[PDB]
Amino acid sequence: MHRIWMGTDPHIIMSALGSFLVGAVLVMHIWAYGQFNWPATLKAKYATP
Amino acid sequence: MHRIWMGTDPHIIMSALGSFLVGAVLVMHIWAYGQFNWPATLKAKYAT
Amino acid sequence: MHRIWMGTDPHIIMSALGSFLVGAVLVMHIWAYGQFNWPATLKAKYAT
Amino acid sequence: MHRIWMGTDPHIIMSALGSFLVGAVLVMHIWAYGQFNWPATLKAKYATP
Amino acid sequence: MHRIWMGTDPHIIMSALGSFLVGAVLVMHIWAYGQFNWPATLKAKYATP
Amino acid sequence: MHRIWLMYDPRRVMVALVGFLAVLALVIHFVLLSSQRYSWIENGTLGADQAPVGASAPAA
Amino acid sequence: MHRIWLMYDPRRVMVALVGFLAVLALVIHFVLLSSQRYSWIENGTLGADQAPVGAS
Amino acid sequence: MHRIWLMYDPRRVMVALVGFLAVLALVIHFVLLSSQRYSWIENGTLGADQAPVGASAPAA
Amino acid sequence: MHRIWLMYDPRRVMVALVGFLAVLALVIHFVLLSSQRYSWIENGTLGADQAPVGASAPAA
Amino acid sequence: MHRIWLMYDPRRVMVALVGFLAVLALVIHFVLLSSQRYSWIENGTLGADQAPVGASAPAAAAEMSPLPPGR
Amino acid sequence: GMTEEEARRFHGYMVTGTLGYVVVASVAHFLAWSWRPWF
Amino acid sequence: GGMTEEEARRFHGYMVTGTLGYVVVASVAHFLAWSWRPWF
Amino acid sequence: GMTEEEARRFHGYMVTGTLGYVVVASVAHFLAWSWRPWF
Amino acid sequence: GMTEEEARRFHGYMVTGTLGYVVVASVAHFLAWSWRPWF
Amino acid sequence: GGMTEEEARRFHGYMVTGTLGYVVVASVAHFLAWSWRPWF
Amino acid sequence: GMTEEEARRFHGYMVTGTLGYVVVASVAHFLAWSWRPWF
Amino acid sequence: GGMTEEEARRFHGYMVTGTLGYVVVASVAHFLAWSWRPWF
Amino acid sequence: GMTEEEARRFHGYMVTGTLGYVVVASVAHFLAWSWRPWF
Amino acid sequence: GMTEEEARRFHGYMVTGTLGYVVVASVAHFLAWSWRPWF
Amino acid sequence: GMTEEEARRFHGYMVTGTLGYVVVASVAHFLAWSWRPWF
Amino acid sequence: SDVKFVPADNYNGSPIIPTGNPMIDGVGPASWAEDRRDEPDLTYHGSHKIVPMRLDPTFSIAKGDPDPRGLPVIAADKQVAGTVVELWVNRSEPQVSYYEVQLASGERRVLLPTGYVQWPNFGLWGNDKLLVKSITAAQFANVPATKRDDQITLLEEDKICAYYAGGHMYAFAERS
Amino acid sequence: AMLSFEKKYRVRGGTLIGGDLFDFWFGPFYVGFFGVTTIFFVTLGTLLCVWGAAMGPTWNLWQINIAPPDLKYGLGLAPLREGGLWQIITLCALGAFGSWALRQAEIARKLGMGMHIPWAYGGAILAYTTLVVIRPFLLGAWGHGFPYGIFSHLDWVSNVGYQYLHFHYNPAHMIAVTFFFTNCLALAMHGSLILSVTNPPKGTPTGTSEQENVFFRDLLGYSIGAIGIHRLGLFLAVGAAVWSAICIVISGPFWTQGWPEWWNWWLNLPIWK
Ligand SMILES: CCCCCCCCCCCCCC(=O)OC[C@H](COP(=O)(O)OCC(O)COP(=O)(O)OC[C@@H](COC(=O)CCCCCCCCCCCCC)OC(=O)CCCCCCCCCCCCC)OC(=O)CCCCCCCCCCCCC
Ligand code: BCL
Ligand SMILES: COC(C)(C)C/C=C/C(C)=C/C=C/C(C=O)=C/C=C/C(C)=C/C=C/C=C(C)/C=C/C=C(\C)CC/C=C(C)/C=C/C=C(\C)C(=O)O
Ligand SMILES: COC(C)(C)C/C=C/C(C)=C/C=C/C(C=O)=C/C=C/C(C)=C/C=C/C=C(C)/C=C/C=C(\C)CC/C=C(C)/C=C/C=C(\C)C(=O)O
Ligand SMILES: COC(C)(C)C/C=C/C(C)=C/C=C/C(C=O)=C/C=C/C(C)=C/C=C/C=C(C)/C=C/C=C(\C)CC/C=C(C)/C=C/C=C(\C)C(=O)O
Ligand SMILES: COC(C)(C)C/C=C/C(C)=C/C=C/C(C=O)=C/C=C/C(C)=C/C=C/C=C(C)/C=C/C=C(\C)CC/C=C(C)/C=C/C=C(\C)C(=O)O
Ligand SMILES: COC(C)(C)C/C=C/C(C)=C/C=C/C(C=O)=C/C=C/C(C)=C/C=C/C=C(C)/C=C/C=C(\C)CC/C=C(C)/C=C/C=C(\C)C(=O)O
Ligand SMILES: COC(C)(C)C/C=C/C(C)=C/C=C/C(C=O)=C/C=C/C(C)=C/C=C/C=C(C)/C=C/C=C(\C)CC/C=C(C)/C=C/C=C(\C)C(=O)O
Ligand SMILES: COC(C)(C)C/C=C/C(C)=C/C=C/C(C=O)=C/C=C/C(C)=C/C=C/C=C(C)/C=C/C=C(\C)CC/C=C(C)/C=C/C=C(\C)C(=O)O
Ligand SMILES: COC(C)(C)C/C=C/C(C)=C/C=C/C(C=O)=C/C=C/C(C)=C/C=C/C=C(C)/C=C/C=C(\C)CC/C=C(C)/C=C/C=C(\C)C(=O)O
Ligand SMILES: COC(C)(C)C/C=C/C(C)=C/C=C/C(C=O)=C/C=C/C(C)=C/C=C/C=C(C)/C=C/C=C(\C)CC/C=C(C)/C=C/C=C(\C)C(=O)O
Ligand SMILES: CCCCCCCCCCCCO[C@@H]1O[C@H](CO)[C@@H](O[C@H]2O[C@H](CO)[C@@H](O)[C@H](O)[C@H]2O)[C@H](O)[C@H]1O
Ligand SMILES: CCCCCCCCCCCCO[C@@H]1O[C@H](CO)[C@@H](O[C@H]2O[C@H](CO)[C@@H](O)[C@H](O)[C@H]2O)[C@H](O)[C@H]1O
């Protein structure tokens, strides 16, 4: 399968993969914070009455 | 059957198929979240 | 029967047919979802 | 009768005939769905009460 | 693994990493101050009636 | 595919692309800023259920 | 078929096509954005039953 | 009939044709979108029994 | 990535960039200064909870 | 960081910078002089608690309107 | 300038594209007719 | 230019095979649809 | 000018790119139609 | 006039920059959606 | 330029064959339709 | 573009990746069906 | 330029290793998340 | 017109100058946010 | 640009810098958890 | 034209000029702040 | 066939294509009014309107302008085409009408209409050379001649001006 | 058909876009790419004006009136029957006027002329764009544009003038009027001088640059010269349109009181307050 990398530059591969991962991870957290009600339970734990 | 790939560029085939799959999966998930009422039931499990 | 393909381009044929199928299948599903009341019955099952 | 075709590119004949047939078939179905009350009876069979 | 750095400029790498860390750390603190109710509880400790 | 950059001078294309995106971004931001729903400078701190919504259809 | 590109330089047609499609897309969006039914920036969160219809 | 392409340069008859069809298609759509019966963006979801029909004043 | 500076003269790009950034900064400051919530010359000393907020959805 | 002085002629930069700073200084002074809170020639002697502050909210009465009715 | 052979070749495409365009327009009119008749 | 008569013969075999495969799969789909919700 | 084999090469790309654009647009209409039908 | 190998390396950056731009916009939209969704 | 009489002669064979095939399938469709919802 | 030799090799990986994708999707659907069946 | 078959073979080994490392850490994360707040 | 080494030297200052500005601007936004949040 | 020998030494510092930074952060999180646990 | 020695010696006066100006402006701001704060 | 151009194709309204060198033959923007009267233009009292300045001592450079004589002329290809030997003046409306240029690396002297010259920095400062953006230093050798060096005819004016006019289209083209 | 000297000049080249494809003539007209776009916008914009007349109350040429939308629509496209059609025609007009100027640049390049004519026409385009784009944008509604109708746009001009009580007192308007009037005087003088030397009384020799120079100096007390009078005409004519664009863009976006009370600053100069 390693034939697939031929002709490419490693820095471009690692740029592309690096940017994709930053995107997906950020999106997945922004989404997960909406659904799981966290940190909202954390905030409500320490919030001042 | 392989010789349909002759004269193509494989990095373009992988670009087209990659673009299709990313689009198709995202369309299917936003459609499915509408029909299946999930994550809506997940959000309702942890709320106030 | 086969020689209708002479002088044609295989990728143009597969592009044309591929795009026709996508159009037809999308039309057929959107129409069929209207007539058969699905996924509407699916959505109603798991709605709250 | 075959001498009809002699002036002509067979791909043009197929393109022209294929255009006509798609056209006629679609017009006939759109028309027939109006007159025969189908798929309207199908839709009524499964519509939510 | 070190071969990833070949062809790059050390100062661009340190400049980019440094700017990332500043951005990430600032985001993380303003976020964390929101969730953990600090320094808000610190201010309330020493504030005047 | 990279041979597209033989058809056009990339030095020219990038200037056209940046121009198009800069104008488009300014147009979208101005459209949103002029709306009710997304006039975020005055109302950005409102919660999503407090933010304006356009009128619905009449009941009959 | 392909001899059309012997008459019209595909390098130039492809630019004019991008220009045409960009203007057409902008016109269709600005038409819809200004309608009542499809003013999606103000009302996009309305359900399809709630969305305006231009009856009078 | 093909000899019309000896009278006129096909390269620029086709531009004239495509330009004509563009102008004619746009005019007809704008004419309809001005009408009440065919203002389809606002009222396209109405069935034919609800679609506007124009009449003259009843002239009592 | 540095070969971008062979396509474009950095003596041009520096002057272009500073011209762009200065204009963009002045636009944003005057947009904020013209707003109500961020008219900071007159109202800057208001606390965050006292500063103006745009109209909500009224349900009325 | 001297190499900028080969990249551009110091006379033209020096004039351009001084021109920019003078224009900016005049703009900021006149924006302030036009304001209520910082109209220092008339009100500069007021204490910090006495100086104008922009409203936390404008006032209204339902029957009153600043603009005439129409269209 | 094109030969009368090239003229016949071009004219074959021009007729075929015209027919295809008219077919599409005909279906579009019959869809429009079924949605909201104009006579 | 374009496909030779040899390429045409060879291509036609795959074209027919792919078509018959597609129609077979669609036939299964319709049998399942009919047994789920008959439409006549 | 351009040779007929370059024209035949470009025609492959142009047809594929055109139809791919129409496919993406057809999906966008499927989303728009599901959200708020216009008929 | 750019060579084909210059185009080859240039395109890699153009793809990378486009992907990076789309990634940042995708996060920007997801943040905006979480703050105030438009559908 | 187009077709000699010889390939036209075999093209005609496929044209008549395809037409008759289409008319047969359409005949079955009308027989099914008539049994389902007669229109005269 | 690709040779018959490159096409032969590329096709094998393409078939393999396609089958792997379908297999994973088959497990995904079996899980989804057991969780919330839709017919 | 562009990566050779020799260099690609070496690069692929790290890429596979890094991808497995990432998936392993994410597998731990999902186990912790599931035991903390199950989502089905 | 830049040589390779001239462009590569300039690119160092250009990257760091850009990133330094963005870092300063991010502190400015942090301060502005703590004074009067816009969301 | 950076040679392999520079890259070899550079990598050793970058990894040890990274590990040190993670060590300090791990202590920070241990302290933070003992002060205000968040799960 | 400007030499590298000229630039170096010019930069010294340019930096003390800028620094002296920033020193005066910051004293002027803190006087203004003490008289009538804007936050 | 001496005919200077042929149709691009047989359709109505098609362009013409030059056969020879369009700058020499005079086609498109290089063309001139070929029937123009081949006589000098005259002042109201009937002297020659355009003459070299050495023939009328009434005229002199305005004090504190540069005299352009002896300056190099820099052509479109940045080559030095020559140096200004003389000014020609309009006696009906006092102005410089033509520079006369001694060609560098050649025997010949040629006229240069001042509309096609510009100063470095548009004359405000420097003024140490002349710029001719429209033609190359090679093409300066083919600039049309006047029959005499003390006078210029209306036809010769048209020919010379048309030569520099065509350059902006044809100077950097293989169409020669 | 061609002028008896023309064929010689009909070369390829000078096009800004489209290469050789559109580089041809249709009768007297040069086409080119912006010729094609001109005819597209002219045809569409004209046929929409005919549609505006059809759905309006009358076909009388003077009375046809395609009005802009109400101000309440702001910067949105109104319903077509309520001013939206005026907006589409405005986009056509901008496209046509822009294409026309760029087509003139191709023609000037093909003849080896300077660009003076496209830029002069740019002054008219600027004034139009100010009336229908820039001023309505600064006011925040496209409904501030003028209606397309031969007399109905004069009703708009009248009412906009009296929005400032006494529009004659607009200072930029006074300058613009002075350019328009001085331009008409200069055109009469230049036209008369050229004609009077080229058409002397019967049995008199054709005149000379010296005679027109002498007569012009008797009229103004100085000699403008042949290049100068064409520079002056262009300066006056284009300057008139530029000062016109200024005078309308300041009215509303910048000054909102009556124009007479603008002159209060002159009365209050400290030398005589
Ligand atoms: C209010 C104060 C200020 C108001 C200010 C008003 C200013 C008016 C300025 C414009 C007037 C001059 C226009 C002109 O001469 O164009 C050339 C053209 C043709 O003649 P040619 O050029 O000498 O010869 C060429 C031709 O023979 C062969 O050329 P070719 O074979 O290559 O091309 C084909 C032909 C076909 O002809 C046409 O297509 C033109 C038909 C329409 C002409 C309308 C002219 C305007 C009349 C206005 C007066 C009135 C009409 C009612 O030739 C062409 O292609 C030529 C195209 C010319 C396009 C000119 C368009 C001008 C539109 C002006 C609109 C003015 C709106 C105000 O001339 C004509 O067709 C005849 C025009 C004669 C002047 C009008 C006099 C009317 C007097 C009263 C009625 C007389 C009845 C007998
Ligand atoms: C000089 C060559 C490199 C560089 C080399 C280093 C080195 C070496 C170190 C850092 C460190 C840091 N760098 Mg630095 N860094 C550069 C450019 C930047 C840029 C930028 C806008 O370009 C930014 C935002 C940063 C940001 C940062 C922080 C994330 C971090 C903590 C100190 C700090 O705040 O420094 C702000 C940055 C600056 C004011 C400019 C950079 C130079 C100054 C002198 C600071 C860093 C050196 C530090 C004092 C060394 C101390 C001794 C060691 C601890 C043994 N660097 C330049 C291009 N950077 C330190 C770290 O990793 O901490 C965990 C560290 O040890
Ligand atoms: C408001 O209501 C109002 C408006 C007022 C009411 C009134 C309306 C009126 C009056 C309407 C009039 C309409 C009209 C009247 O005629 C309309 C006439 C329409 C016509 C004719 C349409 C024709 C379309 C033809 C097409 C699309 C052809 C396409 C050709 C193609 C694709 C092939 C291209 C060539 C190729 C591929 C290869 C060439 C080979 C080469 C080069 C080779 O081999 O060398
Ligand atoms: C709802 O109301 C309304 C809408 C009215 C209802 C009505 C609807 C109607 C009327 C529908 C009609 C549908 C229809 C017909 O009638 C639909 C027709 C469908 C058809 C035909 C589908 C065909 C599919 C074929 C496929 C997938 C083939 C794939 C082939 C492959 C993969 C092989 C590729 C080639 C190779 C490998 C060659 C190698 C050698 C090479 C290259 C060499 O040798 O060079
Ligand atoms: C209510 O509002 C109103 C407005 C009134 C309503 C009405 C609206 C109307 C009437 C609309 C009409 C629309 C219309 C009409 O036809 C719309 C027609 C649209 C069309 C045709 C779209 C076509 C798109 C084609 C595309 C995108 C092609 C992309 C090609 C690509 C990417 C490949 C490029 C080439 C490569 C890469 C190879 C280079 C060579 C290489 C590398 C080499 O050689 O090596
Ligand atoms: C109100 O709502 C309305 C508005 C109406 C609705 C909207 C409607 C419409 C119509 C929207 C349209 C959207 C659109 C349509 O196309 C949007 C299209 C967007 C696109 C394509 C974006 C592309 C971005 C690409 C970028 C950023 C690339 C960056 C590249 C970089 C950084 C590398 C540069 C090179 C370098 C560094 C050096 C290389 C090496 C070299 C040189 C060497 O080595 O030599
Ligand atoms: C509702 O109200 C209203 C509307 C009013 C009601 C009334 C409606 C009316 C009046 C309808 C009339 C309909 C009609 C009238 O005629 C309908 C006519 C229909 C017809 C004719 C259909 C014919 C179909 C033919 C087909 C499918 C042929 C396929 C052939 C194939 C596949 C082979 C191709 C060739 C090959 C392979 C050989 C290559 C050899 C080569 C290259 C070589 O040998 O070199
Ligand atoms: C909700 O309502 C609506 C929307 C209506 C519902 C309906 C939706 C519908 C109709 C959906 C249909 C979906 C569909 C239809 O077909 C879906 C089809 C999906 C398919 C086919 C997926 C295929 C995936 C294939 C993959 C992942 C392959 C990966 C290959 C790899 C990794 C190898 C790469 C090559 C290598 C390593 C060798 C290089 C060597 C080289 C270069 C050398 O050696 O030179
Ligand atoms: C919430 O609703 C919605 C959003 C809808 C839900 C759905 C979400 C969906 C659909 C998600 C899909 C996610 C997904 C896929 O499908 C995600 C895919 C994830 C992947 C692939 C991750 C891969 C990570 C790989 C990493 C980190 C590699 C690291 C490499 C390292 C450390 C080594 C580098 C060293 C080198 C290079 C040195 C060698 C150089 C050498 C030798 C040299 O130079 O020579
Ligand atoms: C709140 O909600 C949301 C936000 C969603 C929550 C989620 C947040 C998320 C997902 C966060 C993820 C963060 C992350 C992910 O990876 C974070 C990763 C962080 C990393 C990698 C930190 C690395 C730090 C490294 C340092 C400090 C290195 C220092 C190195 C030094 C000093 C040596 C320098 C070089 C030298 C000495 C030169 C030698 C020789 C040379 C030059 C020669 O010899 O030439
Ligand atoms: C509410 O209002 C709105 C407006 C809306 C709010 C917003 C405002 C905004 C956006 C503001 C932005 C501000 C800004 C942005 O960059 C501001 C930037 C300011 C800067 C860069 C200031 C720099 C000053 C430097 C000076 C003064 C240098 C003096 C040097 C001297 C004296 C030495 C001269 C040389 C000598 C003596 C000898 C040389 C040697 C020689 C010759 C030799 O040795 O030969
Ligand atoms: C060529 C590419 C085309 C891409 C697709 C673009 C959209 C075109 C859609 C055409 C098919 C429309 O098909 C039609 O969908 C509507 C959607 O309201 C269905 O309408 C019915 O079901 C839907 C739910 O599905 C209900 O919300 C609706 O109130 C009811 O009337 C019709 O029963 C069906 O016949
Ligand atoms: C507009 C954006 C939306 C997406 C648009 C594109 C989506 C679909 C892309 C499918 C990619 C594969 O599509 C296929 O690519 C190959 C090259 O790989 C093209 O192949 C073309 O170029 C190759 C190589 O230069 C030639 O040998 C060949 O004769 C020619 O047809 C095919 O003509 C096209 O059918």
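Any value given below was found using the heavy atoms of this structure, including those in side chains, with hydrogens, waters and symmetry copies removed. Both ligands and their constituent atoms are indexed starting at 1 by order of listing. Naming: A, B, ... by sequence-line order, numbering from 1 per chain.
Note that CD1 of V:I88 and CG of V:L48 are 8.0 Å apart. Values are rounded to the nearest 0.5 Å.
The aromatic rings of S:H11 and E:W5 are tilted relative to each other, their planes meeting at an angle between 30° and 60°. Ring geometry, C:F36 versus C:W31: the interplanar angle exceeds 60°, so the pair is classed perpendicular (tilted spans 30 to 60°).
Atom CD of C:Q35 has more than 12 heavy atoms from other residues, nucleotides or ligands within 6.0 Å.
Note: M:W38 and G:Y38 fail the aromatic proximity criterion, with ring centroids not under 6.0 Å apart. Residues M:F39 and K:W35 bring their aromatic ring centres within 6.0 Å.
Every atom of ligand 8 is numbered from 1 in the order shown, and the set under 4.0 Å from a heavy atom of C:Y33 is 1 (C), 2 (O), 3 (C), 5 (C), 6 (C). Near C:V25, the atoms of ligand 8 lying under 4.0 angstrom from a non-hydrogen atom of the residue are 10 (C). Using a 4.0 Å cut-off to heavy atoms of B:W31, the atoms of ligand 8 that qualify are 1 (C).
Protein neighbours of ligand 2 below 4.0 Å, counting non-hydrogen atoms: E:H11, E:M14, E:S15, E:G18, E:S19, E:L21, E:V22, R:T16, R:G20, R:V23.
Judged by distance alone, with hydrogens and angles left aside, the side-chain atoms of C:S15 form no donor-acceptor pair with the main-chain N or O of C:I12 at under 3.5 Å. With hydrogens and angles ignored, the 3.5 Å screen pairs no side-chain donor or acceptor of G:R37 with any backbone N or O of H:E42. Remark: the backbone N or O of H:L33 is paired with a side-chain donor or acceptor of H:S39 at under 3.5 angstrom.
For B:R3, the salt bridge (charged side-chain N to carboxylate O under 4.0 Å, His left out) partners are P:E4, not counting sequence neighbours.
Note: no N/O pair closer than 3.5 Å links C:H29 and ligand 8 by distance alone.
Residue pairs that meet the salt bridge (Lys or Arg N to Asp or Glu O under 4.0 Å) test with at least one member in residues 5-34 of chain M, sequence neighbours left out, do not exist here.
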Do any nitrogen or oxygen atoms of ligand 5 lie under 3.5 Å from a protein nitrogen or oxygen, and which ones?
residue, atom, partner, partner atom, Å
ligand 5, 44 (O), M:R9, NE, 2.9
ligand 5, 44 (O), M:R9, NH2, 2.9
ligand 5, 45 (O), F:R3, NH1, 2.6

